[PDB]
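As provided, my_file-v9.pdb (PDB, C-alpha atoms (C1' of nucleotides)) reads as follows.
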```pdb
ATOM      1  CA  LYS M   1      -2.871 -16.287  47.135
ATOM      2  CA  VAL M   2      -0.738 -13.123  47.095
ATOM      3  CA  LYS M   3       2.378 -15.128  46.153
ATOM      4  CA  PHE M   4       5.904 -14.624  47.522
ATOM      5  CA  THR M   5       7.031 -14.977  51.136
ATOM      6  CA  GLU M   6      10.108 -14.553  53.361
ATOM      7  CA  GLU M   7      11.492 -17.979  52.425
ATOM      8  CA  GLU M   8      11.385 -17.102  48.726
ATOM      9  CA  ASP M   9      12.705 -13.578  49.330
ATOM     10  CA  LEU M  10      15.815 -15.006  50.980
ATOM     11  CA  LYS M  11      16.316 -17.203  47.920
ATOM     12  CA  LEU M  12      16.076 -14.106  45.733
ATOM     13  CA  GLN M  13      19.293 -12.702  47.224
ATOM     14  CA  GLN M  14      21.021 -15.976  46.362
ATOM     15  CA  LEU M  15      19.520 -16.125  42.881
ATOM     16  CA  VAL M  16      20.447 -12.510  42.072
ATOM     17  CA  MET M  17      23.999 -13.166  43.242
ATOM     18  CA  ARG M  18      24.315 -16.244  41.021
ATOM     19  CA  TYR M  19      22.268 -15.235  37.958
ATOM     20  CA  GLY M  20      22.914 -11.497  37.997
ATOM     21  CA  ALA M  21      20.769  -8.384  37.704
ATOM     22  CA  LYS M  22      19.448  -9.036  34.201
ATOM     23  CA  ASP M  23      19.084 -12.801  33.744
ATOM     24  CA  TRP M  24      15.785 -12.681  35.659
ATOM     25  CA  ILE M  25      14.398 -15.157  33.141
ATOM     26  CA  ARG M  26      16.455 -17.792  34.940
ATOM     27  CA  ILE M  27      14.539 -17.058  38.137
ATOM     28  CA  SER M  28      11.306 -17.001  36.150
ATOM     29  CA  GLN M  29      11.915 -20.708  35.531
ATOM     30  CA  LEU M  30      11.534 -21.375  39.245
ATOM     31  CA  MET M  31       8.836 -18.756  39.688
ATOM     32  CA  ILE M  32       6.555 -18.363  36.672
ATOM     33  CA  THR M  33       3.493 -17.086  38.517
ATOM     34  CA  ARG M  34       5.081 -13.642  38.729
ATOM     35  CA  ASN M  35       6.138 -10.857  36.385
ATOM     36  CA  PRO M  36       9.948 -11.223  35.898
ATOM     37  CA  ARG M  37      10.356  -7.481  36.469
ATOM     38  CA  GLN M  38       8.628  -7.816  39.835
ATOM     39  CA  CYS M  39      11.352 -10.147  41.088
ATOM     40  CA  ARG M  40      13.695  -7.263  40.333
ATOM     41  CA  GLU M  41      11.206  -4.867  41.914
ATOM     42  CA  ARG M  42      11.622  -6.609  45.273
ATOM     43  CA  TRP M  43      15.421  -6.864  45.077
ATOM     44  CA  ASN M  44      15.620  -3.208  44.081
ATOM     45  CA  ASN M  45      13.175  -2.113  46.803
ATOM     46  CA  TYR M  46      14.382  -4.269  49.714
ATOM     47  CA  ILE M  47      17.900  -5.710  49.504
ATOM     48  CA  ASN M  48      19.348  -3.054  47.212
ATOM     49  CA  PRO M  49      18.610   0.144  49.239
ATOM     50  CA  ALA M  50      17.942   0.981  52.880
ATOM     51  CA  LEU M  51      14.380   2.303  52.941
ATOM     52  CA  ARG M  52      13.972   2.437  56.710
ATOM     53  CA  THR M  53      14.363   4.713  59.757
ATOM     54  CA  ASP M  54      11.209   6.705  58.838
ATOM     55  CA  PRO M  55      10.365   8.220  55.394
ATOM     56  CA  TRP M  56      11.846  11.424  53.977
ATOM     57  CA  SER M  57      12.214  14.652  55.931
ATOM     58  CA  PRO M  58      10.083  17.830  55.421
ATOM     59  CA  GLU M  59      13.061  19.217  53.494
ATOM     60  CA  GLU M  60      12.550  16.506  50.896
ATOM     61  CA  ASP M  61       8.759  16.825  51.112
ATOM     62  CA  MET M  62       8.896  20.452  49.993
ATOM     63  CA  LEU M  63      11.677  19.682  47.518
ATOM     64  CA  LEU M  64       9.844  16.778  45.893
ATOM     65  CA  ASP M  65       7.006  19.216  45.204
ATOM     66  CA  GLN M  66       9.172  20.845  42.556
ATOM     67  CA  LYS M  67      11.173  17.684  41.841
ATOM     68  CA  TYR M  68       8.049  16.103  40.379
ATOM     69  CA  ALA M  69       6.126  18.895  38.680
ATOM     70  CA  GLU M  70       9.147  19.214  36.393
ATOM     71  CA  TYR M  71       9.729  15.535  35.563
ATOM     72  CA  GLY M  72       6.169  14.206  35.862
ATOM     73  CA  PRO M  73       5.849  10.969  37.887
ATOM     74  CA  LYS M  74       9.414   9.983  37.033
ATOM     75  CA  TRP M  75      10.108   8.659  40.541
ATOM     76  CA  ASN M  76      12.792   6.484  38.900
ATOM     77  CA  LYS M  77      14.736   9.675  38.208
ATOM     78  CA  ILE M  78      13.747  11.322  41.492
ATOM     79  CA  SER M  79      15.179   8.463  43.574
ATOM     80  CA  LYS M  80      18.482   9.360  41.943
ATOM     81  CA  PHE M  81      18.391  12.838  43.474
ATOM     82  CA  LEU M  82      17.480  11.328  46.837
ATOM     83  CA  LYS M  83      20.030   8.544  47.350
ATOM     84  CA  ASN M  84      18.111   6.446  49.902
ATOM     85  CA  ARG M  85      14.632   5.499  48.651
ATOM     86  CA  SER M  86      13.355   3.528  45.650
ATOM     87  CA  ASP M  87      10.376   3.523  43.235
ATOM     88  CA  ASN M  88       7.647   1.377  44.902
ATOM     89  CA  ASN M  89       8.765   2.888  48.210
ATOM     90  CA  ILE M  90       8.588   6.586  47.297
ATOM     91  CA  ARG M  91       5.421   6.188  45.222
ATOM     92  CA  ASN M  92       3.735   4.362  48.098
ATOM     93  CA  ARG M  93       4.918   6.940  50.622
ATOM     94  CA  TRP M  94       4.008   9.897  48.395
ATOM     95  CA  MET M  95       0.376   8.822  48.189
ATOM     96  CA  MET M  96       0.537   7.995  51.890
ATOM     97  CA  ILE M  97       1.966  11.360  52.967
ATOM     98  CA  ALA M  98      -0.412  13.167  50.600
ATOM     99  CA  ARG M  99      -3.328  11.760  52.597
ATOM    100  CA  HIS M 100      -2.049  13.709  55.599
ATOM    101  CA  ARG M 101      -0.722  16.726  53.688
ATOM    102  CA  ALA M 102      -4.076  17.285  51.971
ATOM    103  CA  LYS M 103      -5.610  17.747  55.449
ATOM    104  CA  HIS M 104      -9.115  16.590  56.398
ATOM    105  CA  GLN M 105     -12.158  18.816  55.898
ATOM    106  CA  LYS M 106     -15.089  18.303  58.264
ATOM    107  CA  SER M 107     -16.339  21.495  59.902
TER     108      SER M 107
ATOM    109  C1'  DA E   1     -11.892  -2.629  62.809
ATOM    110  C1'  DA E   2      -8.959   0.545  60.498
ATOM    111  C1'  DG E   3      -4.692   1.760  58.629
ATOM    112  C1'  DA E   4      -0.301   0.967  56.419
ATOM    113  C1'  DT E   5       2.837  -1.748  53.784
ATOM    114  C1'  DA E   6       4.150  -4.952  50.150
ATOM    115  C1'  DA E   7       3.831  -7.488  45.755
ATOM    116  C1'  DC E   8       2.089  -8.945  41.512
ATOM    117  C1'  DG E   9      -0.188  -7.820  37.105
ATOM    118  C1'  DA E  10      -0.967  -4.676  33.446
ATOM    119  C1'  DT E  11      -0.611  -0.343  30.644
ATOM    120  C1'  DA E  12       1.900   3.039  28.547
ATOM    121  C1'  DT E  13       6.131   4.391  26.723
ATOM    122  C1'  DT E  14      10.654   3.677  24.664
ATOM    123  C1'  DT E  15      14.015   1.140  22.055
ATOM    124  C1'  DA E  16      15.183  -2.319  19.099
TER     125       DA E  16
ATOM    126  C1'  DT I   1       5.246  -2.957  14.724
ATOM    127  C1'  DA I   2       6.601  -5.963  18.481
ATOM    128  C1'  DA I   3       8.926  -6.731  22.480
ATOM    129  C1'  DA I   4      10.902  -5.329  26.783
ATOM    130  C1'  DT I   5      11.019  -2.455  30.795
ATOM    131  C1'  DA I   6       9.409   0.455  35.064
ATOM    132  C1'  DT I   7       6.046   2.405  37.552
ATOM    133  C1'  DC I   8       1.649   2.459  38.753
ATOM    134  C1'  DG I   9      -2.641   0.747  41.137
ATOM    135  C1'  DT I  10      -5.414  -2.207  43.858
ATOM    136  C1'  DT I  11      -6.301  -5.851  47.072
ATOM    137  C1'  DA I  12      -4.906  -8.748  50.706
ATOM    138  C1'  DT I  13      -2.592  -9.529  54.796
ATOM    139  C1'  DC I  14      -0.604  -8.134  59.039
ATOM    140  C1'  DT I  15       0.016  -4.982  62.953
ATOM    141  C1'  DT I  16      -1.537  -1.834  66.292
TER     142       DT I  16
END
```

Structure rendered as structure tokens:
Amino acid sequence: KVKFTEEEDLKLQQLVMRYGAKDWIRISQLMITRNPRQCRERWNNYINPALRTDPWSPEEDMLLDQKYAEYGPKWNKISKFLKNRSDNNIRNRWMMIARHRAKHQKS
DNA sequence: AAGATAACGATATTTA
DNA sequence: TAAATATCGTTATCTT
């Protein structure tokens, strides 16, 4: 239902190695039920970087505050200043961390 | 049961 | 103007 899986993800690494990082249309011939750019989205957010060992540090948290209000939601450009995390990873984590940063009013 | 992460589709923007 | 690209946004699934 949600498409993809580990078996297909492993094939991605092989496909990217053989087809390249632009001929995603070739992969779209084997997988048509997905946006071609999304196949790249996974490669770029899983096998390309090393988004692990916890998120960013508080130093980045307070830095990203400014490194965002200057270049809108250009996470694509922000990930370049923080050599370690990618788009769908930072965006996800930003909204995630914001849920804790924004506190929780009650009484 | 609730929370967190991941992935796929679409919209908006940019370039051709 | 049309097409192509990237990030965004939401839901589903999985883990704790």

### Task
Mind listing whatever residues come within 12 Å of the point (3.8, 2.6, 31.1)? Use only C-alpha atoms (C1' of nucleotides), file coordinates, and give them as number ranges by chain.
M: 73-74; E: 10-14; I: 4-8

Just need the residues of chain E within 8 Å of chain M, counting all atoms listed in the file, so spit them out as a PDB file with C-alpha atoms (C1' of nucleotides), in the coordinates of the input.
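Printed below is out_27.pdb as written:
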```pdb
ATOM      1  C1'  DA E   7       3.831  -7.488  45.755  1.00  0.00           C
ATOM      2  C1'  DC E   8       2.089  -8.945  41.512  1.00  0.00           C
ATOM      3  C1'  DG E   9      -0.188  -7.820  37.105  1.00  0.00           C
TER       4       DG E   9
END
```

Emit as JSON the padded axis-aligned box for all listed atoms of segment 32-39 of chain M, 5 Å per side, with centre and edge lengths in Å to one decimal.
```
{"center_x": 7.4, "center_y": -12.9, "center_z": 38.5, "size_x": 17.9, "size_y": 20.9, "size_z": 15.2}
```

### Query
Using only C-alpha atoms (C1' of nucleotides), which residues sit within 10 Å of segment 7-14 of chain M once same-chain residues fewer than 2 positions away are excluded, as a ChimeraX atom specification?
/M:3-5,16-20,27,31,39-40,42-43,46-48

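Proximity ranking of M:44, M:54, M:81, M:97 relative to chain I places M:44 first, based on all atoms listed in the file.
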
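Relative to atom CA of residue 101 of chain M, atom CA of residue 86 of chain M is found at 20.9 Å.
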
### Task
Considering all atoms listed in the file, return as an NGL selection string whatever protein or nucleic-acid residues lie within 10 Å of residue 15 of chain I, sequence-local ones (same chain, fewer than 2 positions apart) excluded.
(:E and (3-4)) or (:I and (13))

Specify as a PDB file with C-alpha atoms (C1' of nucleotides), in the frame of the given file each residue included when the PyMOL selection byres ((chain I and resi 12) around 10) is applied to this file.
```pdb
ATOM      1  CA  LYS M   1      -2.871 -16.287  47.135  1.00  0.00           C
ATOM      2  CA  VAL M   2      -0.738 -13.123  47.095  1.00  0.00           C
TER       3      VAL M   2
ATOM      4  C1'  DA E   6       4.150  -4.952  50.150  1.00  0.00           C
TER       5       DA E   6
ATOM      6  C1'  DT I  10      -5.414  -2.207  43.858  1.00  0.00           C
ATOM      7  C1'  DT I  11      -6.301  -5.851  47.072  1.00  0.00           C
ATOM      8  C1'  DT I  13      -2.592  -9.529  54.796  1.00  0.00           C
ATOM      9  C1'  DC I  14      -0.604  -8.134  59.039  1.00  0.00           C
TER      10       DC I  14
END
```

## Note on the structure
Correct to one decimal, the distance atom CA of residue 53 of chain M-atom CA of residue 87 of chain M is 17.0 Å

Apply the PyMOL selection byres ((chain I and resi 2) around 12) to the structure shown and report the selected residues as an mmCIF file with C-alpha atoms (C1' of nucleotides), keeping the file's coordinate frame.
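Contents of selection-v3.cif, freshly written:
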```cif
data_model
loop_
_atom_site.group_PDB
_atom_site.id
_atom_site.type_symbol
_atom_site.label_atom_id
_atom_site.label_comp_id
_atom_site.auth_asym_id
_atom_site.auth_seq_id
_atom_site.Cartn_x
_atom_site.Cartn_y
_atom_site.Cartn_z
ATOM 1 C "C1'" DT E 15 14.015 1.140 22.055
ATOM 2 C "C1'" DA E 16 15.183 -2.319 19.099
ATOM 3 C "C1'" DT I 1 5.246 -2.957 14.724
ATOM 4 C "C1'" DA I 3 8.926 -6.731 22.480
ATOM 5 C "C1'" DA I 4 10.902 -5.329 26.783
#
```

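With only C-alpha atoms as the atoms that count, the residue of M:45, M:57, M:107, M:29 with the shortest distance to residue 76 of chain M is M:45.
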
### Message
Quick check, in Å to one decimal: how far apart do atom CA of residue 62 of chain M and atom CA of residue 75 of chain M lie?
### Response
15.2 Å

### Query
Hey, which of M:104, M:82, M:66, M:77 ends up closest to chain I? Count all atoms listed in the file.
M:77

### Task
Write out as a list in words which residues come within 10 Å of residue 64 of chain M when counting all atoms listed in the file, dropping same-chain ones fewer than 4 positions away.
residues 56, 58, 59, 60, 68, 69, 70, 75, 78, 81, 82 and 94 of chain M

Complete segment 37-59 of chain M with N, CA and C atoms (output as a PDB file, in the coordinates of the input).
```
ATOM      1  N   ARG M  37       9.929  -8.799  36.014  1.00  0.00           N
ATOM      2  CA  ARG M  37      10.356  -7.481  36.469  1.00  0.00           C
ATOM      3  C   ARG M  37      10.031  -7.251  37.940  1.00  0.00           C
ATOM      4  N   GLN M  38       9.038  -7.966  38.447  1.00  0.00           N
ATOM      5  CA  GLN M  38       8.628  -7.816  39.835  1.00  0.00           C
ATOM      6  C   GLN M  38       9.629  -8.462  40.779  1.00  0.00           C
ATOM      7  N   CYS M  39      10.319  -9.493  40.295  1.00  0.00           N
ATOM      8  CA  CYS M  39      11.352 -10.147  41.088  1.00  0.00           C
ATOM      9  C   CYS M  39      12.475  -9.138  41.308  1.00  0.00           C
ATOM     10  N   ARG M  40      12.690  -8.309  40.289  1.00  0.00           N
ATOM     11  CA  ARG M  40      13.695  -7.263  40.333  1.00  0.00           C
ATOM     12  C   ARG M  40      13.186  -6.119  41.200  1.00  0.00           C
ATOM     13  N   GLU M  41      11.875  -5.909  41.146  1.00  0.00           N
ATOM     14  CA  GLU M  41      11.206  -4.867  41.914  1.00  0.00           C
ATOM     15  C   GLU M  41      11.447  -5.061  43.411  1.00  0.00           C
ATOM     16  N   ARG M  42      11.402  -6.310  43.863  1.00  0.00           N
ATOM     17  CA  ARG M  42      11.622  -6.609  45.273  1.00  0.00           C
ATOM     18  C   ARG M  42      13.091  -6.425  45.644  1.00  0.00           C
ATOM     19  N   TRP M  43      13.984  -6.985  44.834  1.00  0.00           N
ATOM     20  CA  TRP M  43      15.421  -6.864  45.077  1.00  0.00           C
ATOM     21  C   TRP M  43      15.816  -5.393  45.154  1.00  0.00           C
ATOM     22  N   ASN M  44      15.332  -4.631  44.185  1.00  0.00           N
ATOM     23  CA  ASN M  44      15.620  -3.208  44.081  1.00  0.00           C
ATOM     24  C   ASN M  44      14.971  -2.380  45.193  1.00  0.00           C
ATOM     25  N   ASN M  45      13.868  -2.861  45.756  1.00  0.00           N
ATOM     26  CA  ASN M  45      13.175  -2.113  46.803  1.00  0.00           C
ATOM     27  C   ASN M  45      13.338  -2.707  48.199  1.00  0.00           C
ATOM     28  N   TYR M  46      14.225  -3.679  48.386  1.00  0.00           N
ATOM     29  CA  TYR M  46      14.382  -4.269  49.714  1.00  0.00           C
ATOM     30  C   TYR M  46      15.824  -4.604  50.083  1.00  0.00           C
ATOM     31  N   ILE M  47      16.528  -5.303  49.205  1.00  0.00           N
ATOM     32  CA  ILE M  47      17.900  -5.710  49.504  1.00  0.00           C
ATOM     33  C   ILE M  47      18.928  -4.784  48.863  1.00  0.00           C
ATOM     34  N   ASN M  48      18.478  -3.998  47.902  1.00  0.00           N
ATOM     35  CA  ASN M  48      19.348  -3.054  47.212  1.00  0.00           C
ATOM     36  C   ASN M  48      19.571  -1.772  48.028  1.00  0.00           C
ATOM     37  N   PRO M  49      18.496  -1.083  48.466  1.00  0.00           N
ATOM     38  CA  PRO M  49      18.610   0.144  49.239  1.00  0.00           C
ATOM     39  C   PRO M  49      18.400  -0.078  50.735  1.00  0.00           C
ATOM     40  N   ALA M  50      18.183   1.019  51.447  1.00  0.00           N
ATOM     41  CA  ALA M  50      17.942   0.981  52.880  1.00  0.00           C
ATOM     42  C   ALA M  50      16.753   1.865  53.238  1.00  0.00           C
ATOM     43  N   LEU M  51      15.595   1.542  52.680  1.00  0.00           N
ATOM     44  CA  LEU M  51      14.380   2.303  52.941  1.00  0.00           C
ATOM     45  C   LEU M  51      13.810   2.003  54.325  1.00  0.00           C
ATOM     46  N   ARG M  52      14.396   2.628  55.333  1.00  0.00           N
ATOM     47  CA  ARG M  52      13.972   2.437  56.710  1.00  0.00           C
ATOM     48  C   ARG M  52      14.120   3.724  57.511  1.00  0.00           C
ATOM     49  N   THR M  53      14.244   3.577  58.831  1.00  0.00           N
ATOM     50  CA  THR M  53      14.363   4.713  59.757  1.00  0.00           C
ATOM     51  C   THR M  53      13.487   5.907  59.342  1.00  0.00           C
ATOM     52  N   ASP M  54      12.176   5.666  59.219  1.00  0.00           N
ATOM     53  CA  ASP M  54      11.209   6.705  58.838  1.00  0.00           C
ATOM     54  C   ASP M  54      11.349   7.110  57.367  1.00  0.00           C
ATOM     55  N   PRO M  55      10.327   7.774  56.791  1.00  0.00           N
ATOM     56  CA  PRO M  55      10.365   8.220  55.394  1.00  0.00           C
ATOM     57  C   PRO M  55      11.323   9.398  55.200  1.00  0.00           C
ATOM     58  N   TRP M  56      11.005  10.268  54.254  1.00  0.00           N
ATOM     59  CA  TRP M  56      11.846  11.424  53.977  1.00  0.00           C
ATOM     60  C   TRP M  56      11.514  12.557  54.938  1.00  0.00           C
ATOM     61  N   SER M  57      12.409  13.523  55.038  1.00  0.00           N
ATOM     62  CA  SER M  57      12.214  14.652  55.931  1.00  0.00           C
ATOM     63  C   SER M  57      11.423  15.755  55.224  1.00  0.00           C
ATOM     64  N   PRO M  58      10.853  16.712  55.986  1.00  0.00           N
ATOM     65  CA  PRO M  58      10.083  17.830  55.421  1.00  0.00           C
ATOM     66  C   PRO M  58      10.877  18.607  54.371  1.00  0.00           C
ATOM     67  N   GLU M  59      12.205  18.533  54.453  1.00  0.00           N
ATOM     68  CA  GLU M  59      13.061  19.217  53.494  1.00  0.00           C
ATOM     69  C   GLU M  59      12.880  18.580  52.124  1.00  0.00           C
TER      70      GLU M  59
END
```
